[PDB]
Amino acid sequence: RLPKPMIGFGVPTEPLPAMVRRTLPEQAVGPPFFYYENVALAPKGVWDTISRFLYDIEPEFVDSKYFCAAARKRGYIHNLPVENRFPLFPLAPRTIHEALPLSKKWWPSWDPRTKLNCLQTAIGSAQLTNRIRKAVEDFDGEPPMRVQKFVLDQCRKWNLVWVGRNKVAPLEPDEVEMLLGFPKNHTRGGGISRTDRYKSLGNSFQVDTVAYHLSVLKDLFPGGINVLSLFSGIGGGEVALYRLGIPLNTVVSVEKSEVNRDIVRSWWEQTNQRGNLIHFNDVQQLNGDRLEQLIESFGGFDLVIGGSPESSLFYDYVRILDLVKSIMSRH
Amino acid sequence: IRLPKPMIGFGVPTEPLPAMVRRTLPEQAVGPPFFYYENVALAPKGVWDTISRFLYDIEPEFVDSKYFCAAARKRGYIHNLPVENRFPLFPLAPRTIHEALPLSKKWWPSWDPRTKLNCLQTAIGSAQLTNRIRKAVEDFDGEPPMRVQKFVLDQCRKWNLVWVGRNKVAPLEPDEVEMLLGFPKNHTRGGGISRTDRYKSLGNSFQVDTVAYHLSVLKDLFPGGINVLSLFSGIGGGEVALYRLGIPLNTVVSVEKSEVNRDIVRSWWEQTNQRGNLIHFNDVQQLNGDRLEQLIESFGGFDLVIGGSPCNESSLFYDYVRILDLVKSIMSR
Ligand SMILES: Nc1ncnc2c1ncn2[C@@H]1O[C@H](C[C@@H](N)CC[C@H](N)C(=O)O)[C@@H](O)[C@H]1O
Ligand SMILES: Nc1ncnc2c1ncn2[C@@H]1O[C@H](C[C@@H](N)CC[C@H](N)C(=O)O)[C@@H](O)[C@H]1O
């Protein structure tokens, strides 16, 4: 199934695994590079399917805990050079202590969490926190694993952290934004509600992880790149490239969520990007006719990137990848 | 749907549309290889939008087989073939019930106005139903109330029942079905193949005369024969069409899950005494870039990729699009 340590072809912080290199089908190679992500713990044959349609390339499984304080198991399918990768600096917090310095005066002896579980879209009610306190207000103890494993399992699933005496709380949006490697208040703005923030963050790249894989693009494109981002979310791929110091000449972003679109746009404006951000609402309108003239106007895409959301939407990733890949092959 | 009426596609032998050619295709769509994909005309909502989307936004050719034979059959064909200089397949299939069934005339009630059959199903009328219908008209001098006329007509239209005796209706025989679809006689007949198995594999096969009219433009294009990649090959409707068109089949890679269908095509292959090779796979899934490359390396590359819809699995269509993209990518080097 999945590997010893989910370190893919290697992580900066750890000793290399046995297989450090790959050879890949000459269909897979050539312009453009592509990068697809999906949840690692997937149902049967799902990864078989994804692989079959992506040139039978073997997916790279890495846990993002090797890059930050939050664990997150993903598979990545790409034709990127695996050699000469480098980690993204400024370096992200590796532990809860580093990520949340003030949380450690309140941290019980029996909570061994040095890493956070996967960050997700919904969040523990005020009730749960009040309840947990009630459970452990009996003090002087370490009270039995009934109470402990209850609290620990609840803290694990909701990512609850100690912020007071016998008191837990969900991660604030900007604590989440930082564990995922986004700018502070990246998702904050306009009409965006609190729960909208959490939802957008729940489904998004861990920027530090993604940056490590995309780092090999920097030496390859000193003049900048054109990016086609499918299912852009809150711009995780584009932020990784910007933090990597790779100029974004042109970016075509396909993104159905309005909130997600505002977030990316504001980011493009706040960072004072000088390239073009071109947006489309639905992936189903990137037809050949359009792609033809995008590529004609702004040159070919050097990278097409996307993550998994509708389960048939994956086939549109495949459909757009090769439309692009075919158009960019004309002798 | 956005279904045209009359449904004559890009032309039919009786209205071949000279002076009309198909508009220039997107550079992505144009061959080689030529591709040809079939699906039922009355698909559910959005299906054809999707199919067209994934095949270079090409407009499907909607055509009723009633313009080619005696049994109506509404299908959509999406392809990158030239339309100009098509020609009808000969020998010519029967256009009406009377021509298809010369001996049915003597038993045909004056009030049964059918001259054409309905879409050939995979399933068939029950001996009770016929028994009933016969029984139901044991009244003298026929012409009984419309209410009974309307009943039997509806049932005859539903199950494609034909008159075979005095007050006697019967389902079409397998070999009568094979005829209407344009296959050789007893094409599906073979050792061990059940009667029910025959009717089934037939009920969802290409109408050969219709398909041949579309593929006819390939004859002048490939005097030295073609290599064919046939996905969801069934009982070999696409191959039978090309053979009957007089186009030599040098290399055919047929992919078919059913063994009954496999044996039928193989039987045809050697009874026809074909010279070229027929290679069988059973899952589209086992057709990957590696294999496709070694296949093209061995046999020279495909001039035609042909496939029929296996569903109204629904995901199998994406395997067709996948395979088409690989083949197309490989040859383009
Ligand atoms: N049907 C669709 N059409 C276009 N975009 C979509 C569709 N479904 C989801 N998306 C986008 O793809 C994203 C889904 C996520 N799996 C991707 C997250 C993204 N990688 C990020 O960095 O946040 C959402 O942010 C949506 O904006
Ligand atoms: N997943 C699959 N892989 C390979 N073959 C299949 C699969 N599903 C269905 N088939 C075969 O493909 C056919 C699907 C039909 N729509 C095609 C009919 C065929 N084109 C004909 O002319 O009669 C069936 O007869 C099946 O035997």
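Chemist: Lay out the environment of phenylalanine 221 of chain A with the relevant residues and their values.
Modeler: Residue and element names in this part refer to chain A. Position of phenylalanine 221 relative to the elements: it lies in the loop between α8 (217-220) and β6 (225-230). Taking C-alpha positions, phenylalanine 221 is 7.4 Å from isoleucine 246, a pair spaced 25 residues apart along the chain. Those residues within four positions of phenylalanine 221 in sequence are excluded, and the remaining contacts are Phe33, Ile246 and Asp302.

Chemist: Pulling in residues and values, what's your account of the side chain of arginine 53 of chain B?
Modeler: With respect to the helices and strands, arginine 53 of chain B occurs in helix α1 (residues 47-54). In terms of polar contacts, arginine 53 of chain B uses its side chain to reach the side chain of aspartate 316 of chain A, at 3.0 Å. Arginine 53 of chain B has contacts with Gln284, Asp316 and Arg319 of chain A, leaving out every residue within four places of it along the chain.

Chemist: Lay out the packing of helix α11 (residues 288-298) of chain A against helix α12 (residues 313-327) of chain A with the relevant residues and their values.
Modeler: Helix packing geometry: the angle between the two helix axes and the distance between the axes. Residues and elements named next belong to chain A. Close contact between α11 and α12 brings their axes to 10 Å; oriented N to C, the two are set at 50°. With respect to their mutual orientation, α11 and α12 come out oblique. Between α11 and α12 lies a crossing whose hand is right-handed. Only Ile320, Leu323, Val324 and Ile327 of α12 make contact with α11, whose side of the interface consists of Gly288, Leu291, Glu292 and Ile295. Its residues assigned to classes, the contact of α11 with α12 comprises 6 nonpolar, 1 polar and 1 charged.

Chemist: How would you summarise the interface of chain A and chain B if you had to cite specific residues and measurements?
Modeler: Each side of the interface is counted separately: chain A has 19 residues, and chain B has 18 residues. Here chain A and chain B share an interface that buries about 1,600 Å² over both sides, 49% of which is from carbon and sulfur atoms. Across the contact surface, chain A and chain B share 4 salt bridges. Two residues, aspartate 316 of chain A and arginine 53 of chain B, come together in a salt bridge whose shortest N-O distance is 3.0 Å.

Chemist: Pulling in residues and values, what's your account of the site of ligand 1?
Modeler: Residues and elements named next belong to chain A. Near ligand 1 you find 18 residues, and of these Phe231, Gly233, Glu255, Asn260 and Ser308 are the closest. One of the backbone nitrogen or oxygen atoms of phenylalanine 231 is found 3.1 Å away from an oxygen atom of ligand 1. Classifying every residue of the shell around ligand 1 gives 7 nonpolar, 8 polar and 3 charged.

Chemist: Give me the lowdown on the environment of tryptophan 162 of chain A, citing residues and values where you can.
Modeler: Residues and elements named next belong to chain A. Relative to the elements of secondary structure, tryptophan 162 occurs in strand β4 (residues 160-164). For the pair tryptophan 162 and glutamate 292, spaced 130 residues apart in sequence, the C-alpha separation works out to 54 Å. Beyond its immediate chain neighbours, meaning those up to four positions away, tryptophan 162 contacts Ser103, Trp106, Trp107, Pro108, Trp110, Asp111, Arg113, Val151, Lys167 and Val168. Reaching out from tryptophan 162, the side chain makes a polar contact with the side chain of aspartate 111 at a distance of 2.9 Å.

Chemist: If you had to explain the site of ligand 2 to someone new, which residues and values would you point to?
Modeler: Residues and elements named next belong to chain B. Near ligand 2 you find 17 residues, and of these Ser205, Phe206, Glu256, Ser309 and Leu316 are the closest. One nitrogen or oxygen atom from the main chain of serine 205 is found 3.3 Å from an oxygen atom belonging to ligand 2. A distance of 2.4 Å separates an oxygen atom of ligand 2 from a polar side-chain atom of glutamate 256. Alone, ligand 2 offers 580 Å² of accessible surface; in the complex the protein occludes 86% of this. Split into classes, the residues belonging to the shell around ligand 2 amount to 5 nonpolar, 9 polar and 3 charged.

Rules used in this analysis
Entry numbering is not used for residues: they are numbered from 1 along each chain in the order the sequence is written, which may differ from it, and residues without coordinates are omitted. The order in which chains are written sets their letters, starting at A; the order in which ligands are written sets their numbers, starting at 1. Computation of side-chain values covers all heavy atoms of the structure but excludes hydrogens and water. Helical segments are the DSSP runs of H or I of at least four residues, strand segments are the runs of E of at least two, and each set is numbered from the N terminus. By the convention used here, residues are in contact when the closest approach between their heavy atoms is within 4.5 Å. We call two N or O atoms a polar contact when they sit within 3.5 Å, provided that within protein one can donate a hydrogen and the other can accept it, with sequence-adjacent residues counted only if both atoms are side-chain atoms. Axes here refer to lines fitted to C-alpha atoms; in helices the fit is confined to the stretch in contact. Angles between the N-to-C directions go from 0 to 180 degrees. An angle counts as roughly parallel when it lies under 35 degrees, as roughly antiparallel when it exceeds 145, as roughly perpendicular when it falls between 65 and 115, and as oblique in every other case. Take the far helix as your reference; a near helix turned counterclockwise from it by less than a right angle gives a left-handed crossing, and one turned clockwise gives a right-handed crossing. Under this grouping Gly is polar, as are all residues other than the nonpolar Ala, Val, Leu, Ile, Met, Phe, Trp, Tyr, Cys and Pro and the charged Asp, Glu, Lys and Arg. Summed over both partners, the accessible area lost on bringing two parts together, with a 1.4 Å probe, is the buried area. Salt bridges are defined as contacts in which a side-chain nitrogen from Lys or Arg sits within 4 Å of a carboxyl oxygen from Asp or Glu. Any residue with a non-hydrogen atom lying within 4 Å of a molecule or strand is treated as near it. Here the Shrake-Rupley method, with its probe set to 1.4 Å, supplies the accessible areas, and only the displayed protein chains count as covering residues.

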